[PDB]
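Here is the structure we will look at.
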4 protein chains.
Amino acid sequence: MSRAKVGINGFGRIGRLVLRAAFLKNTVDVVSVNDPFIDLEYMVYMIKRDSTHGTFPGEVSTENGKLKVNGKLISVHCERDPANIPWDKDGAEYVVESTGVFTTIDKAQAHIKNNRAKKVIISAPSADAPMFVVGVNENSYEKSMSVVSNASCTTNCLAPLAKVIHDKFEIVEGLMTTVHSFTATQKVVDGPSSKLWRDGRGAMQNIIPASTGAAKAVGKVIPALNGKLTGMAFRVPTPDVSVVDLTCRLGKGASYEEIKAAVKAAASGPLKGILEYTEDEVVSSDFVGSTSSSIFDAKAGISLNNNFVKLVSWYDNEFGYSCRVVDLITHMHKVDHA
Amino acid sequence: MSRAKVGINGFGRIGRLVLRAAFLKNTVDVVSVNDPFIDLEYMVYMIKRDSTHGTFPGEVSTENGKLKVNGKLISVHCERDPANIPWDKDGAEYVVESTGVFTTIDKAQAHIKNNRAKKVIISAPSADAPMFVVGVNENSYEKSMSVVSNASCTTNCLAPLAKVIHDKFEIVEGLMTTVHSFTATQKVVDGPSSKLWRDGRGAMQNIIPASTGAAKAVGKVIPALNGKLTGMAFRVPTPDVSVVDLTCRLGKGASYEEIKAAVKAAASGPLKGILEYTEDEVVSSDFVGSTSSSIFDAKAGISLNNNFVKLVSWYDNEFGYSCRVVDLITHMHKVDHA
Amino acid sequence: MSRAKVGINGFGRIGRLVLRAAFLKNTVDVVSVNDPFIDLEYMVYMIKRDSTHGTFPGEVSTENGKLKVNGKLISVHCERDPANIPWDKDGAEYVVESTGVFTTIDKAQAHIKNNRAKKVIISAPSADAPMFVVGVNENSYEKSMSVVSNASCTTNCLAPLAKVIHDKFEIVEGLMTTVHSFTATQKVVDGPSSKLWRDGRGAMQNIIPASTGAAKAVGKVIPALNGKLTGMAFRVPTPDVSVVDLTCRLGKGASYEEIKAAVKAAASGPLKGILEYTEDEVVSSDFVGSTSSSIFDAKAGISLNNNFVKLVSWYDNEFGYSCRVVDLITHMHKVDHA
Amino acid sequence: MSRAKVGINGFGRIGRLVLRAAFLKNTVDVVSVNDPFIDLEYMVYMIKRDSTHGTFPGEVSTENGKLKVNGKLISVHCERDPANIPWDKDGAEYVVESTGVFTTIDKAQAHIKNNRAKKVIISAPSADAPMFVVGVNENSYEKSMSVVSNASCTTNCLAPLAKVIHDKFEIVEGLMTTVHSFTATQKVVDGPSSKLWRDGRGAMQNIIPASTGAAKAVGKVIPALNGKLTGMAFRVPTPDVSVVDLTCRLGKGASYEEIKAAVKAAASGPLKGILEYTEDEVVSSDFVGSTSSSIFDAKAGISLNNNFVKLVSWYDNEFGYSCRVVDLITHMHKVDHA
């Protein structure tokens, strides 16, 4: 009994797929959704239909102004302002800030005031809000914190992998590269982008050397690896799934077969679920729907020697991350209401 | 005597290429450009680097605060209010309206007001402004018209074909389908499009059924075929170039051999440069950068009997259409500034 | 009261997806496969992981030199000469020819030579073998026919619809187009295509116009439409699913809504499972893994008048067809063992 | 005086752009082509039409069963057996082996057999044949060397950069990843690929881990870094232009500015034409048609510290390589003739 009641503000890509993960894992209960740029009737469409993840494997309709999903009514809102959503009346405790526009404790506090929702969870790396990665520092969550962060989805891939290698071979220093699928933030043709010019170029016809602090933010998830990690991104013409290309220096001399054994041991043990291990000839479509945060590709990895190796790990940047959002809630609820 | 002095508002896709089309024909003069979102710095980049048509053939730079393009200086503005764009100062007598917002004559007249833009040229269909398709209703244009429209890119492909077939076999009735490359109006991944839900889907993994106002608009350019034409569109994962698929009944008998030689005589004849004829094994990429408005494909056209055929005409939806913007001005300036 | 014993020749994308359909429907028992390019280990890989239809839904492994799927054992062979495949020892009574090398009756008699397979179904449209379409002329199968084809997948889409529209309102004539996905017969980059130059172009870069008799082949399954139907094909950068574009002149006039009503009933009638009817804002990726032969889109298709209408219908060119292959065999098992 | 007379075996993708780059640079003279699968008529269409690089810039016709290009004549052959090709009658001194079937000194000598061809160049890396990268070790060519290799596209990118680095700051140890466009060896959809399973997968649906022997191969070109550097590749859905992602440890402490200057100086100096330096916010498609082997991207490269950095260099994996083949030939005809 006593499941966590959850609400969502920002029904984007990384906000609808989080909703999918909820009815799958069944670890929490969604009760509310708010998005002013999306109509209610539209919402059923975007849930039922998805070009990446297929149609919803349940029942979706409308009960009397409420979105019924797999036999569960959810109230819908559409306030331009985030502090104009009455979470209390829906019974929501934890709000998911997936609009990605209120990524600060000051802005996200707009959900918490007037006693409405207790904790706010930002589905992006935050500057002031304490970021968390379910693999590593999910336990660092103290009850006195309201607005958290689940870091970036590249971070959710690298950080768990970094922990294993570092804790077992000691990562002296490393540089990361993520071959990232394109995201909502890109253009179908050479369009406007007054800030990030490269990010405006046609998404299908370009390899776009983007940037990311995800690897640099691994330091915030793993403090022992602070300033020892950073890296950039390549955004390539694929709808979903991404891979991390880590190259680093280990403290202990270890052969690749040794590395494999440790990772295989982690993905089976304490990281059963966050980290996964395979030795198959996979590509970036064998992971569409993977709940894991990192899938170590043993085969594609290469070792120059025993102190300098290149590692590769996949992740569903959309759905793996979505699941880790659902996990962070369960943990909190487990921690605040117990 | 002189060349027409031209200005451009809305440095979009179908706007930057119109510019690129001016330094090629060199039939007119671009003097001013206006776009609030895209600064001068950015304008150079957007012009110089293009994922579809390649790097600009020439030296694009800045000088003394204004934009320069192979020894010609272009004044630059960032006014969000068309009424406050100073065309009068710049010397812009002709303005191309490529923002998508302004379509009404009384709307496009915010450019004309108060001693600046002589004629307003809307690079999009207008349901009140007299639409005109060069090569068809070209000379049908009157000097007493303050705002005109060039209609859609697609309709600029069908009409020059429609005319030929009509003016020789008389098109009884016909339905058109255009397999269209995606446009800036779409989403790279499943996104918000409250009006047109299907154009909210991932443009790169989907064949998206649309509906265009290009086919009946041929009735607006060719009155004889008014109401005899209509048809919808298909958006597919290519960055540029589209093809018209015209299915129609004829009034007179036709051997497809005749229709061929009819088009060939119209391509090299009066419609030289507007309508083109080909027999080659062409594919969409074979028309990137093409200046033709319609390129009839001989072998790809199918014919059921002597009266009911299916024609096929290619076009660069971006660059072919941007040329007819330029040519129209040479016609106006002929008629409208003399 | 028995089940068909099925063998597969040609382990391409139809061959594998036919197998998936067999375990999804569980109406036939696949007992053998043959592909001189694909060994036992690889087959597992190709069955397990699939870029388009995701991972195999069930159990696949190997055992005692035999492929094992969901508990059923499947012999594996690598014969390049079809007359060298031991269909008798394998107990395969029905052989699926999907190599394309054997489409004629006599080139198909290899599997039947010297008491072996009883029947052979050609997944490719044939020149002499009796072509059929499930939902149109299933019951036209005689027990004496050794070779028999299942038309094309393009053919299997338009055929059910025609037996509705023409069956009710009569299309005096009609032309067809199919915006097809790309198939394994194509090239990643510009390459060789000796006899059909257009097909050897960048499949991801291009819209490729290709001829197809799959619309002329309608006359074979519906004699009444012999010479009344024919069409072409466009191939676009999408991995799977295609749409049929039918522009036909109807004898008995009907409004765009009257015809919708006709197709409704057909979806819930005897073709319940063949012809489907939808009214949703659908795009191509919605019908991935769909078992229908033809899904009519009421929102897409439009009508010029009452006698001249355009219809749009979707189909999974890979999986939908594979489903019909299965349905045909289990039907054949009914007759031979009646 | 005399210009290099060249023949091409295998008019595939790479052998077809070599011809292109030849007439572009006009530094050598192509006199003979051979490809059994491509006849004269087809050969012309493959030149006039390119999905990636557009139409060829020149008059290409056929004079008397012979291919005429820009006024230069080229005799064609469809000899499957390279030892049957009359390179002597054609007067081809330097032959380009562009089919991967003849990549050893014994297997390549069929061109030189019986006094015709006097030098042969392998468009792919070779086992025993000495490889060369123009700008790095083209001066190690000896008049005695009858058969050579130009390594691979990727090697020609990594090497000019590595030379600069290792010479200025010394690369202690290094690892490389190349985000590479797909090539003719891949499939449009999941197809057979017995030796390399991942490459069987649909080229345009997946990110595909592959292996390149182009990083250790630098070791054969620069022994100083043999065993000290290696790497792999990710295959992504793009038609052309790849990028190299080089992570390495510098023996000398170097700041990023200090690195930026290191490359800018060599791109203007002796590596002018080979290595290029840029600071613009570019993407892959900005390099289609680039005649450079390596284009250093400053804004995309990063530095963890003064001794651990990540460098990025673009390259047209199709046409940058073909230009170097022409330079390898021009260099030999010099040395060969003296």
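By order of appearance in the structure tokens: chains A, B, ..., then residues from 1 within every chain, and ligands from 1 in the order shown.
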For the contact check between chain C and chain B, emit one row per residue of chain C within 7 Å, containing the shortest atom pair and the distance in Å rounded to one decimal, counting only C-alpha atoms, chain then rising number order, as a Markdown table.
| residue | atom | partner | partner_atom | distance |
| --- | --- | --- | --- | --- |
| C:197 | CA | B:281 | CA | 6.5 |
| C:198 | CA | B:281 | CA | 5.7 |
| C:205 | CA | B:238 | CA | 6.5 |
| C:206 | CA | B:284 | CA | 5.1 |
| C:207 | CA | B:284 | CA | 5.1 |
| C:208 | CA | B:283 | CA | 5.1 |
| C:209 | CA | B:300 | CA | 6.3 |
| C:230 | CA | B:304 | CA | 6.6 |
| C:231 | CA | B:302 | CA | 6.8 |
| C:236 | CA | B:236 | CA | 6.5 |
| C:237 | CA | B:237 | CA | 5.6 |
| C:238 | CA | B:205 | CA | 6.0 |
| C:247 | CA | B:247 | CA | 6.8 |
| C:281 | CA | B:198 | CA | 5.6 |
| C:282 | CA | B:198 | CA | 6.5 |
| C:283 | CA | B:208 | CA | 5.0 |
| C:284 | CA | B:207 | CA | 5.0 |
| C:285 | CA | B:206 | CA | 5.6 |
| C:300 | CA | B:209 | CA | 6.4 |
| C:304 | CA | B:230 | CA | 6.3 |
Contacts of residue 322 in chain C within 6 Å, only C-alpha atoms, excl. fewer than 2 positions in-chain, as a short mmCIF file (atom, residue, chain, number, x, y, z; two decimals) with N, CA, C and O atoms, in the first residue's frame:
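Output below, filename selection.cif:
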data_model
loop_
_atom_site.label_atom_id
_atom_site.label_comp_id
_atom_site.auth_asym_id
_atom_site.auth_seq_id
_atom_site.Cartn_x
_atom_site.Cartn_y
_atom_site.Cartn_z
N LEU C 17 10.40 -12.69 -41.47
CA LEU C 17 9.18 -12.11 -40.93
C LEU C 17 7.97 -13.00 -41.16
O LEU C 17 6.93 -12.85 -40.51
N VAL C 18 8.11 -13.93 -42.10
CA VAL C 18 7.11 -14.97 -42.29
C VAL C 18 7.19 -15.93 -41.10
O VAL C 18 6.17 -16.36 -40.57
N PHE C 319 5.78 -6.93 -42.92
CA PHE C 319 5.12 -7.85 -42.00
C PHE C 319 3.71 -8.23 -42.43
O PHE C 319 3.33 -9.40 -42.35
N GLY C 320 2.93 -7.24 -42.87
CA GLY C 320 1.58 -7.47 -43.34
C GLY C 320 1.52 -8.56 -44.39
O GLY C 320 0.71 -9.47 -44.31
N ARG C 324 0.01 -12.66 -44.67
CA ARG C 324 -0.84 -13.22 -45.71
C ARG C 324 -0.25 -14.50 -46.26
O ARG C 324 -0.97 -15.40 -46.68
N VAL C 325 1.08 -14.58 -46.26
CA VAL C 325 1.76 -15.79 -46.68
C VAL C 325 1.31 -16.94 -45.79
O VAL C 325 0.94 -18.01 -46.28
#
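Once chain B has been superposed on chain D by least squares across all Cα atoms, the two differ by an RMSD of 0.5 Å.
Non-sequential neighbours of residue 93 in chain D (distance at most 7 Å, separation of 2 or more positions within a chain, only C-alpha atoms) are residues 5, 6, 91, 95, 117, 118 and 119 of chain D.
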Quiz item: Mind checking DSSP for range 6-100 of chain C and telling me the helix (DSSP H, G or I) residues as an MDAnalysis selection string?
Solution: chainID C and resid 13:25 40:48 82:84
For the selection just defined, write its residues with N, CA, C and O atoms to a file, as a compact mmCIF listing (two decimals), in the first residue's frame.
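Just written: part.txt:
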# COMPACT_ATOMS: atom_id res chain seq x y z
N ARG C 13 14.33 -10.71 -45.72
CA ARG C 13 13.46 -10.01 -44.79
C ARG C 13 12.02 -10.47 -44.87
O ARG C 13 11.24 -10.23 -43.95
N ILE C 14 11.64 -11.14 -45.95
CA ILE C 14 10.31 -11.73 -46.00
C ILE C 14 10.37 -13.09 -45.33
O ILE C 14 9.46 -13.47 -44.59
N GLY C 15 11.45 -13.82 -45.58
CA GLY C 15 11.63 -15.14 -45.02
C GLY C 15 11.60 -15.16 -43.50
O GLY C 15 10.94 -16.01 -42.90
N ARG C 16 12.29 -14.21 -42.89
CA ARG C 16 12.36 -14.14 -41.44
C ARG C 16 11.03 -13.68 -40.84
O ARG C 16 10.57 -14.22 -39.83
N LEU C 17 10.40 -12.69 -41.47
CA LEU C 17 9.18 -12.11 -40.93
C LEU C 17 7.97 -13.00 -41.16
O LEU C 17 6.93 -12.85 -40.51
N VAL C 18 8.11 -13.93 -42.10
CA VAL C 18 7.11 -14.97 -42.29
C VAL C 18 7.19 -15.93 -41.10
O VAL C 18 6.17 -16.36 -40.57
N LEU C 19 8.41 -16.23 -40.68
CA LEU C 19 8.63 -17.09 -39.51
C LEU C 19 8.02 -16.48 -38.26
O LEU C 19 7.36 -17.17 -37.49
N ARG C 20 8.25 -15.18 -38.05
CA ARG C 20 7.70 -14.49 -36.89
C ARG C 20 6.18 -14.57 -36.89
O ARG C 20 5.56 -14.69 -35.83
N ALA C 21 5.59 -14.50 -38.07
CA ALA C 21 4.15 -14.56 -38.22
C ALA C 21 3.61 -15.94 -37.85
O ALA C 21 2.49 -16.07 -37.37
N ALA C 22 4.43 -16.96 -38.08
CA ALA C 22 4.03 -18.33 -37.81
C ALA C 22 3.88 -18.60 -36.32
O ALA C 22 2.98 -19.32 -35.90
N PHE C 23 4.76 -18.00 -35.52
CA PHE C 23 4.71 -18.17 -34.08
C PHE C 23 3.76 -17.18 -33.43
O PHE C 23 3.31 -17.38 -32.30
N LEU C 24 3.45 -16.11 -34.16
CA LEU C 24 2.51 -15.11 -33.68
C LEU C 24 1.09 -15.61 -33.88
O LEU C 24 0.20 -15.32 -33.08
N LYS C 25 0.89 -16.35 -34.96
CA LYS C 25 -0.43 -16.87 -35.30
C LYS C 25 -0.63 -18.29 -34.79
O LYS C 25 -1.73 -18.67 -34.42
N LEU C 40 23.56 -21.48 -38.89
CA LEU C 40 22.70 -21.64 -37.72
C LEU C 40 22.87 -20.50 -36.72
O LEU C 40 21.88 -19.91 -36.29
N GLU C 41 24.11 -20.18 -36.37
CA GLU C 41 24.37 -19.13 -35.40
C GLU C 41 23.83 -17.78 -35.85
O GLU C 41 23.19 -17.07 -35.07
N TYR C 42 24.08 -17.42 -37.11
CA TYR C 42 23.65 -16.13 -37.63
C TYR C 42 22.13 -16.01 -37.64
O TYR C 42 21.59 -14.97 -37.27
N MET C 43 21.44 -17.08 -38.06
CA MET C 43 19.98 -17.10 -38.09
C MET C 43 19.39 -16.65 -36.76
O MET C 43 18.43 -15.87 -36.73
N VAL C 44 19.98 -17.13 -35.67
CA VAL C 44 19.57 -16.76 -34.32
C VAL C 44 19.66 -15.25 -34.15
O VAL C 44 18.72 -14.62 -33.66
N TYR C 45 20.79 -14.68 -34.56
CA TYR C 45 21.01 -13.25 -34.47
C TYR C 45 19.95 -12.48 -35.25
O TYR C 45 19.37 -11.52 -34.74
N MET C 46 19.69 -12.92 -36.47
CA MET C 46 18.78 -12.21 -37.36
C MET C 46 17.34 -12.34 -36.88
O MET C 46 16.51 -11.48 -37.16
N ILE C 47 17.05 -13.43 -36.18
CA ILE C 47 15.73 -13.65 -35.60
C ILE C 47 15.60 -12.87 -34.29
O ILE C 47 14.59 -12.21 -34.04
N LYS C 48 16.64 -12.95 -33.46
CA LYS C 48 16.66 -12.22 -32.20
C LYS C 48 16.50 -10.72 -32.43
O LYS C 48 15.47 -10.15 -32.10
N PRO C 82 17.91 -25.54 -54.89
CA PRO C 82 16.66 -25.88 -54.19
C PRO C 82 16.23 -27.33 -54.35
O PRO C 82 15.42 -27.82 -53.55
N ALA C 83 16.75 -28.01 -55.37
CA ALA C 83 16.42 -29.42 -55.58
C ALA C 83 17.26 -30.31 -54.67
O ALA C 83 17.04 -31.52 -54.59
N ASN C 84 18.22 -29.69 -53.98
CA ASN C 84 19.11 -30.41 -53.08
C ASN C 84 18.68 -30.30 -51.62
O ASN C 84 19.34 -30.84 -50.73
Self-check item: d(CA of residue 88 in chain C, CA of residue 103 in chain C) in Å
Solution: 21.4 Å
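Distance check against residue 190 in chain A using only C-alpha atoms: of B:2, B:149, B:306, B:51, the minimum falls on B:51.
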Residues of range 41-244 of chain C in strand (DSSP E) according to DSSP, as a compact mmCIF listing (two decimals) with C-alpha atoms, in the first residue's frame?
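Everything below was put into selection_28.txt:
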# COMPACT_ATOMS: atom_id res chain seq x y z
CA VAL C 60 14.80 -18.62 -29.78
CA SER C 61 17.90 -20.79 -29.37
CA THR C 62 19.81 -23.77 -30.77
CA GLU C 63 19.82 -27.46 -29.93
CA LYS C 66 18.77 -27.58 -34.99
CA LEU C 67 17.35 -24.11 -34.47
CA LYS C 68 14.85 -24.02 -31.60
CA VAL C 69 11.99 -21.53 -31.39
CA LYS C 72 9.66 -26.37 -31.85
CA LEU C 73 12.78 -27.74 -33.59
CA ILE C 74 13.80 -26.41 -37.01
CA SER C 75 16.32 -28.05 -39.32
CA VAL C 76 18.86 -25.77 -41.00
CA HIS C 77 20.34 -26.14 -44.49
CA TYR C 94 4.78 -26.48 -47.90
CA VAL C 95 7.83 -24.47 -49.06
CA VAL C 96 8.06 -20.69 -49.08
CA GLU C 97 10.14 -19.48 -52.00
CA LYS C 119 3.19 -27.31 -52.36
CA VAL C 120 5.33 -24.22 -52.92
CA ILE C 121 4.20 -20.67 -52.26
CA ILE C 122 6.09 -17.95 -54.11
CA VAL C 147 3.29 -23.92 -57.75
CA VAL C 148 1.42 -20.83 -56.59
CA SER C 149 2.33 -17.22 -55.82
CA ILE C 171 -14.34 2.22 -60.96
CA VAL C 172 -14.63 2.42 -64.73
CA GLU C 173 -10.91 3.12 -64.70
CA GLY C 174 -8.17 3.96 -62.23
CA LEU C 175 -4.49 4.69 -61.73
CA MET C 176 -2.36 3.91 -58.69
CA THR C 177 0.79 5.05 -56.88
CA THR C 178 2.60 3.63 -53.87
CA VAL C 179 4.95 5.66 -51.73
CA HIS C 180 7.05 2.65 -50.83
CA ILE C 208 13.33 7.22 -56.49
CA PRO C 209 10.61 6.73 -59.14
CA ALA C 210 10.27 3.03 -59.89
CA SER C 211 7.94 1.12 -62.22
CA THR C 212 5.74 -1.68 -60.87
CA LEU C 229 -5.86 -0.76 -63.29
CA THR C 230 -2.17 0.07 -63.44
CA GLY C 231 0.30 2.23 -61.53
CA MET C 232 3.80 3.11 -60.32
CA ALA C 233 5.93 3.39 -57.20
CA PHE C 234 7.98 5.92 -55.28
CA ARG C 235 10.61 4.79 -52.84
CA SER C 242 4.09 2.13 -47.36
CA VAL C 243 0.92 3.75 -48.63
CA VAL C 244 -1.24 3.19 -51.70
Residue contacts of residue 150 in chain B (7 Å, only C-alpha atoms) excluding same-chain residues fewer than 4 positions away, as a PDB file with N, CA, C and O atoms, in the first residue's frame:
ATOM      1  N   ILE B 122       4.415  38.654 -51.570  1.00  0.00           N
ATOM      2  CA  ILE B 122       4.274  37.599 -50.574  1.00  0.00           C
ATOM      3  C   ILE B 122       4.703  36.260 -51.153  1.00  0.00           C
ATOM      4  O   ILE B 122       4.078  35.744 -52.079  1.00  0.00           O
ATOM      5  N   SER B 123       5.767  35.696 -50.592  1.00  0.00           N
ATOM      6  CA  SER B 123       6.297  34.417 -51.054  1.00  0.00           C
ATOM      7  C   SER B 123       5.542  33.241 -50.436  1.00  0.00           C
ATOM      8  O   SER B 123       6.141  32.345 -49.838  1.00  0.00           O
ATOM      9  N   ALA B 124       4.225  33.252 -50.598  1.00  0.00           N
ATOM     10  CA  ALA B 124       3.353  32.226 -50.045  1.00  0.00           C
ATOM     11  C   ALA B 124       1.955  32.446 -50.598  1.00  0.00           C
ATOM     12  O   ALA B 124       1.644  33.540 -51.067  1.00  0.00           O
ATOM     13  N   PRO B 125       1.111  31.406 -50.570  1.00  0.00           N
ATOM     14  CA  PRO B 125      -0.266  31.612 -51.022  1.00  0.00           C
ATOM     15  C   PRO B 125      -0.992  32.683 -50.214  1.00  0.00           C
ATOM     16  O   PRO B 125      -0.830  32.770 -48.993  1.00  0.00           O
ATOM     17  N   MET B 131      -2.725  35.890 -56.620  1.00  0.00           N
ATOM     18  CA  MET B 131      -1.615  34.972 -56.813  1.00  0.00           C
ATOM     19  C   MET B 131      -1.282  34.864 -58.293  1.00  0.00           C
ATOM     20  O   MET B 131      -2.174  34.893 -59.140  1.00  0.00           O
ATOM     21  N   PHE B 132       0.005  34.752 -58.600  1.00  0.00           N
ATOM     22  CA  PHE B 132       0.449  34.663 -59.984  1.00  0.00           C
ATOM     23  C   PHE B 132       1.623  33.701 -60.116  1.00  0.00           C
ATOM     24  O   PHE B 132       2.552  33.723 -59.306  1.00  0.00           O
ATOM     25  N   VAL B 133       1.571  32.854 -61.141  1.00  0.00           N
ATOM     26  CA  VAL B 133       2.624  31.877 -61.399  1.00  0.00           C
ATOM     27  C   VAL B 133       3.337  32.189 -62.711  1.00  0.00           C
ATOM     28  O   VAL B 133       2.761  32.037 -63.792  1.00  0.00           O
TER      29      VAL B 133
END
